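Those protein sequence lines, which keep their order, are chains CB, LB, YA, FB, MB and EB.
According to the entry's author numbering, the first sequence is numbered sequentially starting from 50.
According to the entry's author numbering, the second sequence is numbered sequentially starting from 5.
According to the entry's author numbering, the third sequence is numbered sequentially starting from 2.
According to the entry's author numbering, the fourth sequence is numbered sequentially starting from 2.
According to the entry's author numbering, the fifth sequence is numbered sequentially starting from 2.
According to the entry's author numbering, the sixth sequence is numbered sequentially starting from 355.
Heads up, the beta-carbon is just placed ideally off N, CA and C, and yes, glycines get one too.
One structure is given below, encoded as structure tokens.
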Amino acid sequence: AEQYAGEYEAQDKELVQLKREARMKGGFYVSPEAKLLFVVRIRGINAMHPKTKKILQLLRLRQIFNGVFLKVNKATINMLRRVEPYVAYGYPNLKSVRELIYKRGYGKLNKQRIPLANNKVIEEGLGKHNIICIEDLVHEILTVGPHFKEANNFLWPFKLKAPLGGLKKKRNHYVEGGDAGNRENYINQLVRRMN
Amino acid sequence: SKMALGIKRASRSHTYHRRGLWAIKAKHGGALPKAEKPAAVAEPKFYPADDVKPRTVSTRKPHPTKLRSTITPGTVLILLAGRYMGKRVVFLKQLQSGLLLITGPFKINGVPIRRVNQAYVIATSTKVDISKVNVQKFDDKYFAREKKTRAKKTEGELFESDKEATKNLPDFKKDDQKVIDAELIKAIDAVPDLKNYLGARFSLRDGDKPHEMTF
Amino acid sequence: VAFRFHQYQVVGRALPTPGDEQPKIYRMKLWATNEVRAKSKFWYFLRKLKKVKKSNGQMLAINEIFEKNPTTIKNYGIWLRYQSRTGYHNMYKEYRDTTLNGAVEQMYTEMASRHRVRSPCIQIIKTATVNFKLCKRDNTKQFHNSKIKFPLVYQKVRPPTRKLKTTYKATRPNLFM
Amino acid sequence: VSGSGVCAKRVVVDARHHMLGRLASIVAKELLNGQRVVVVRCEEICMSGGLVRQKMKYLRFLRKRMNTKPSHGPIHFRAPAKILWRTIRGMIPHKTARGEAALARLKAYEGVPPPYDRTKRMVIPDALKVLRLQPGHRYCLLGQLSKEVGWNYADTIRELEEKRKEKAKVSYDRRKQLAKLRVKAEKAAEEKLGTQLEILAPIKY
Amino acid sequence: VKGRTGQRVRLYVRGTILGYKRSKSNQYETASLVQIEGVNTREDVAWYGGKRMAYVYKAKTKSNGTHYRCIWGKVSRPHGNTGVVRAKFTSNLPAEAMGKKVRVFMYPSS
Amino acid sequence: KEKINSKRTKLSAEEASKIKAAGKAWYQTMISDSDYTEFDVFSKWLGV
RNA sequence: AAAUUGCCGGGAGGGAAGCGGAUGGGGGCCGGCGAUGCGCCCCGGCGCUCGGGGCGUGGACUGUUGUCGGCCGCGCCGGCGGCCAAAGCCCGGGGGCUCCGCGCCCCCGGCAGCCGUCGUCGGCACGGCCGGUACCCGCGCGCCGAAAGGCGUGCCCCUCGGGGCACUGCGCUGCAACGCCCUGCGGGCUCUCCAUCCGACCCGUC
RNA sequence: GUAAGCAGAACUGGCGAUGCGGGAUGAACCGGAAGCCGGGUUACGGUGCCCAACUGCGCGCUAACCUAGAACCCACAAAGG
RNA sequence: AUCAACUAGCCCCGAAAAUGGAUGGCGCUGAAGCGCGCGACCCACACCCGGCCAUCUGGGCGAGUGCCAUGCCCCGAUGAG
Ligand SMILES: [Mg+2]
Ligand SMILES: [Mg+2]
Ligand SMILES: [Mg+2]
Ligand SMILES: [Mg+2]
Ligand SMILES: [Mg+2]
Ligand SMILES: [Mg+2]
Ligand SMILES: [Mg+2]
Ligand SMILES: [Mg+2]
Ligand SMILES: [Mg+2]
Ligand SMILES: [Mg+2]
Ligand SMILES: [Mg+2]
Ligand SMILES: [Mg+2]
């Protein structure tokens with residue numbers, strides 16, 4: 050945990066260092082596009098096109114106000130493309146990821162949803178993957194790791210609270226005024242009121 | 005810093021320091037003592053049919069109820085409930101069981117030294133100097149009821165026989181009131197008008213919004 | 002304090018292609034409510050002008066412009082293209098405001114009031130601090146005088162906060178401009 | 002509109018130059034919350050829209066009558082007190098026991114019949130014409146409407162109000178006299194008590 | 002007024018019962034709605050949140066020597082931007098209680 | 355709290371000038387607008 | 001037996017009544033509706049049970065408060081990072097406008113007080129609902145302390161203040177304080193009538 | 001087919017079999033699917049009264065001497081001045 | 001300082017039906033209308049936590065101080081017809 054935190058600040062200073070250096074040297078630095086998405090479903094299980102119903106069943110969003118963590122890649126982001134009217138999604142940061150894992154962390158242990166209230170559950174779900182504590186799980190998700198598949202399929206879909214303070218219109222896209230689709234950085238702003 | 009207190013308490017080394025395993029490394033050699041098999045009663049008078057459970061000695065040690073920040077020995081308080089609601093009294097000190105101990109004084113308010121729950125009082129921004137008063141004589145046993153037997157039903161014949169007799173608060177509480185009342189009046193006359201103030205009772209006359217009212 | 006709009010400048014380019022592996026760079030000055038909305042409007046314009054789509058495009062940077070001197074009043078001009086109910090039109094609107102950002106929000110509200118055009122319909126061609134002695138429009142140019150003076154023909158009476166609000170007030174209010 | 006919350010036994014309302022709909026919604030919520038109102042000078046209520054618009058509205062209201070028994074259908078009132086009372090009945094659910102008990106608290110009068118002459122008449126700032134209409138829009142007075150609709154007591158109310166107004170002018174001059182003497186009395190006590198009364202100086206004006 | 006008879010100190014602010022927590026077609030009798038006299042805004046009811054109230058009515062039969070009755074309750078949370086509160090009582094109020102007075106003391110004070 | 359040398363000299367003046375120079379250069383390319391010399395029928399309307 | 005009718009006593013009624021959910025007001029009815037018994041002791045005879053006193057206690061229901069957890073809402077404050085951060089403030093310099101909103105507009109360079117957005121770290125105060133312990137907590141095996149709690153030794157860190165780490169064992173382990181009433185005009189009821197708010201079209205059927 | 005609350009087809013969903021919150025009322029429109037309860041927060045829809053929520057903070061437009069105008073389906077109005 | 005055309009926002013004309021009549025009603029005119037916003041609030045059997053019922057899955061309990069074993073205890077999800 051000490052070293053994970055140390056590289057969190059190291060990377061956070063490194064981004065500013067690079068951007069400042071690029072401005073200094075004349076050009077500009079393009080930030081590295083996010084490796085991780087947080088997707089949260091915002092529309093209910095009623096009146097769904099069957100292909101969309103399958104998309105959500107595959108993403109593990111089988112109930113309104115569930116949250117899942119997703120790898121970014123052309124396979125999955127074009128899967129979200131097909132189902133954007135039903136999800137709101139974006140780029141989780143460290144606080145959002147860690148406090149989702151702490152306050153709403155459940156593990157798919159033997160098909161049962163075991164609360165992640167102690168370090169020992171991870172010894173059982175993982176440990177063939179060199180993930181031993183909650184902080185290993187948080188790091189190995191956030192910095193999408195060689196074992197992210199297992200450390201996400203271990204996680205149970207986050208069963209989130211209804212958005213405190215309300216929610217804008219769910220009918221439209223976030224760009225047009227609504228809530229579905231990319232809100233790349235602002236899933237962070239939404240999570241503190243889903244959670 | 006409640007969180008910092010929690011961490012410092014939860015540290016293993018400081019748990020050692022608190023539970024005092026050292027000085028248990030003093031008595032019983034340089035190693036922690038053994039425990040034994042007590043309770044050799046072997047004399048059960050009666051065998052309960054259901055699974056047996058004995059009585060609890062509560063091993064849990066609740067935190068004392070905390071006093072408000074705006075309460076200092078020497079404040080003038082406002083009673084809220086009971087027969088003395090509205091009376092303005094003086095907070096002497098928080099007695100050991102967790103309740104406030106107040107005085108009228110009894111000469112001016114008719115409120116004796118009495119025990120009042122912290123919930124039902126409001127602090128006032130005023131202070132009196134009560135460095136010179138003796139209170140140590142007060143405790144919980146001073147107020148412990150020793151309620152009599154439930155074989156007495158208060159009838160019509162007792163209704164005013166108790167009033168026309170003095171078999172009531174015994175004379176030493178009477179005597180006590182005199183000493184506290186004197187030793188606190190001497191310091192109440194130092195503050196102007198405070199005698200009239202404590203003689204008055206607090207009323208919420210029309211157009212008075214409590215949340216707007218300071219205290 | 003909070004501004005409903007912000008003026009960003011967004012730079013993007015096509016993907017590198019092994020023919021012409023250094024694509025040309027496009028910079029645009031956009032108004033939008035936040036970063037993602039600015040970016041999404043940016044790819045709109047490059048798709049309809051430079052034939053560049055986001056999938057075959059790349060975002061280089063989004064930065065937010067702020068105003069030099071929020072404490073000084075500036076005559077602003079906005080050349081804007083909008084869609085009426087029956088076609089498209091080109092307008093010039095002059096405002097006075099301490100920030101271009103506030104002037105743009107003023108313009109969106111004024112368009113939505115005078116012409117029932119919603120924000121999805123308005124394209125801001127050009128913004129320029131058109132200093133005085135060059136403003137073309139009566140409503141702006143009539144405020145260009147020292148020794149300006151006028152009363153408050155219209156002022157609300159209302160308790161300073163909600164706490165003072167009563168239903169019954171024995172005395173008729175005294176209004177005077 | 003939540004309700005004043007005042008604890009008065011009755012609240013008397015000087016309905017001169019207030020708006021019919023808004024005065025009536027405020028009063029209706031007072032009545033529903035349980036506060037007894039007495040609206041006086043109901044004949045002076047201002048209504049937005051021209052006198053011609055209100056005329057046309059009220060004659061459309063007149064054509065509405067039950068065909069097979071006219072005495073049964075709409076009851077088209079003419080007095081300003083009754084027109085306001087009907088308006089408030091519009092906002093109160095009058096087909097429930099709560100509704101009829103609500104209207105029971107409502108007493109509406111033309112003018113100010115005693116014992117409401119010797120009573121401070123509270124106005125509702127949420128409905129005054131001065132604060133609710135933009136000066137320059139056409140409006141009308143409920144009394145002038147009802148006169149043109151079939152209320153035959155306009156002259157009587159005018160007579161009673163002119164008498165009441167002069168009778169109150171006399172008393173108000175009496176209270177000017179008493180007030181100047183009491184001003185003299187306040188300074189008589191002020192220059193009689195000095196250091197004994199400094200405490201009121203920083204909270205007096 | 003002067004030389005009057007009645008309670009000599011009021012240690013409670015009056016309030017009016019106003020209804021129930023209701024949607025357009027439901028009532029939730031568990032929580033009632035109360036208007037405290039003198040409170041006008043959402044922040045100010047945060048002070049009374051907790052201070053218990055009393056519905057004091059009076060029945061037809063005399064019990065324990067009095068017709069007066071008391072049902073007990075407290076201010077749970079604000080209800081809206083205009084100083085209305087939600088009140089929770091030991092046993093749900095009669096529907097006839099809406100419109101009547103309620104005493105709101107300051108017992109659980111601070 | 356008692357005015358110790360709380361944040362003191364951190365960077366030399368000579369590069370502290372170039373950093374601000376690069377900042378102003380970026381802001382100039384940030385607020386620069388197009389010349390609008392492509393719209394030969396709307397030159398009068400656009401003002402240039 | 002019901003349908004149905006009469007009499008007596010009660011109840012309520014502005015063009016239906018009946019029914020569901022809330023309590024409230026009446027009734028009518030419930031003492032397993034609600035307890036007085038445990039431990040310690042001394043006789044006085046019959047270590048054990050009963051008769052007497054002393055003893056610490058203990059009960060249905062209900063109430064308030066405290067403290068721990070859990071969840072939750074709400075308000076206040078502080079620090080940091082990012083932006084070219086700008087700006088006002090203090091100092092400097094450079095342009096264009098020509099009687100002009102004119103002692104005007106624009107721009108750059110120094111500074112060392114407060115002050116937007118985005119991100120983040122933390123502090124506090126109030127309150128709601130549930131829970132009250134065989135495991136997580138907690139208590140004893142030492143002392144001081146009414147108590148919150150303080151107290152040992154050795155190694156690392158800053159070296160002020162103090163901070164971090166450590167050797168670790170046996171056991172035990174259902175949170176408390178005080179009330180109200182106890183045959184009462186009491187308590188509460190799933191029964192009856194009535195009022196009030198909300199809901200509510202008459203069932204079987206094609 | 002002139003059009004049809006018309007007849008016949010394609011992909012999907014709904015109703016039928018379904019309550020519940022909103023659209024005043026409506027089988028299929030909008031939200032949403034359900035064991036019984038307490039607490040919190042919401043979706044759609046709104047905050048003048050009926051009716052729980054602001055006569056809240058802003059900016060304009062409209063004056064209707066025709067029932068001014070006021071909810072996706074929707075309960076319509078045109079050509080033209 | 002002025003003239004003409006063009007254009008589009010609200011409003012007006014265009015605009016006629018039979019029981020009395022329907023922005024849902026009252027009413028509304030620095031709106032309680034129309035267009036765009038900003039806070040907060042109010043509102044489902046929806047979402048989160050907690051109690052309990054049932055179903056389904058997965059477990060523990062014998063040289064038995066041992067159990068309606070068809071029983072008891074534990075974990076997880078779910079509940080429309
Ligand atoms: Mg809220
Ligand atoms: Mg919404
Ligand atoms: Mg849809
Ligand atoms: Mg029979
Ligand atoms: Mg009849
Ligand atoms: Mg019923
Ligand atoms: Mg009952
Ligand atoms: Mg707590
Ligand atoms: Mg069928
Ligand atoms: Mg609920
Ligand atoms: Mg309301
Ligand atoms: Mg025109």
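Residue i versus residue j: straight-line alpha-carbon distance, rounded
i	j	result
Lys38 of chain LB	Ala47 of chain MB	56 Å
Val11 of chain YA	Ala59 of chain CB	28 Å
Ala171 of chain YA	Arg176 of chain FB	18 Å
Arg149 of chain LB	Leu99 of chain LB	16 Å
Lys52 of chain MB	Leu96 of chain LB	26 Å
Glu45 of chain FB	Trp86 of chain FB	14 Å
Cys122 of chain YA	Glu106 of chain YA	14 Å
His90 of chain YA	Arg82 of chain YA	6 Å
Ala30 of chain LB	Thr19 of chain LB	18 Å
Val28 of chain FB	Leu179 of chain FB	35 Å
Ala191 of chain LB	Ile134 of chain LB	7 Å
CB contact flag (residue i, residue j, <8 Å)
i	j	result
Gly78 of chain LB	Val132 of chain LB	yes
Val105 of chain MB	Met89 of chain LB	no
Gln8 of chain YA	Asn102 of chain YA	yes
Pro99 of chain CB	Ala229 of chain CB	no
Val88 of chain CB	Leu119 of chain CB	yes
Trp152 of chain FB	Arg90 of chain FB	no
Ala113 of chain YA	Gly78 of chain YA	no
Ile18 of chain MB	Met107 of chain MB	no
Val80 of chain LB	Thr153 of chain LB	no
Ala376 of chain EB	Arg72 of chain CB	yes
residue 287 of chain CB	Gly139 of chain CB	Residue 287 of chain CB lies beyond the stretch modelled for chain CB, which goes from 50 to 244, so this question has no answer here.
Start and end residues, beta strand (DSSP E) containing residue i
i	result
residue 1 of chain YA	In the structure as shown, chain YA begins at 2 and stops at 178. Residue 1 of chain YA is therefore absent and cannot be evaluated.
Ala32 of chain MB	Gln28 to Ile37
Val183 of chain LB	Not the beta strand (DSSP E): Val183 of chain LB falls in the alpha helix (DSSP H), residues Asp175 to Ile192.
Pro79 of chain MB	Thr67 to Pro79
residue 179 of chain YA	Nothing can be reported for residue 179 of chain YA: it is not among the residues displayed for chain YA, which extend from 2 to 178.
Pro99 of chain CB	No beta strand (DSSP E) holds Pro99 of chain CB; the alpha helix (DSSP H) holding it covers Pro99 to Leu108.
The alpha helix (DSSP H) enclosing residue i, as first and last residue numbers
i	result
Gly55 of chain CB	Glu51 to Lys74
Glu199 of chain FB	No alpha helix (DSSP H) contains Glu199 of chain FB, which DSSP labels as neither H nor E.
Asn34 of chain FB	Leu21 to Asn34
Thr383 of chain EB	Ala367 to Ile385
Where the segment 202-226 of chain CB meets chain YA: residues whose CB sits under 9 Å from a CB there: Listed by position, the residues of the segment 202-226 of chain CB near chain YA (Cβ gap below 9 Å) are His222, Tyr223, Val224, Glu225 and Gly226.
So if I threshold CB-CB distances at 7 Å, which residues from the segment 60-79 of chain CB count as touching chain EB? Contact residues of the segment 60-79 of chain CB toward chain EB are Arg72 and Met73 (C-beta to C-beta distance below 7 Å).
Using a Cβ-Cβ cutoff of 7 Å, what residues of the segment 361-390 of chain EB are near chain CB? List them in chain order. Going along the segment 361-390 of chain EB in chain order, one finds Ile373, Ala376 and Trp380 with a Cβ nearer than 7 Å to chain CB.
Residues of the segment 111-138 of chain YA in Cβ contact with chain CB at a cutoff of 9 Å, in chain order, please. Cβ contacts with chain CB come from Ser120 and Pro121.
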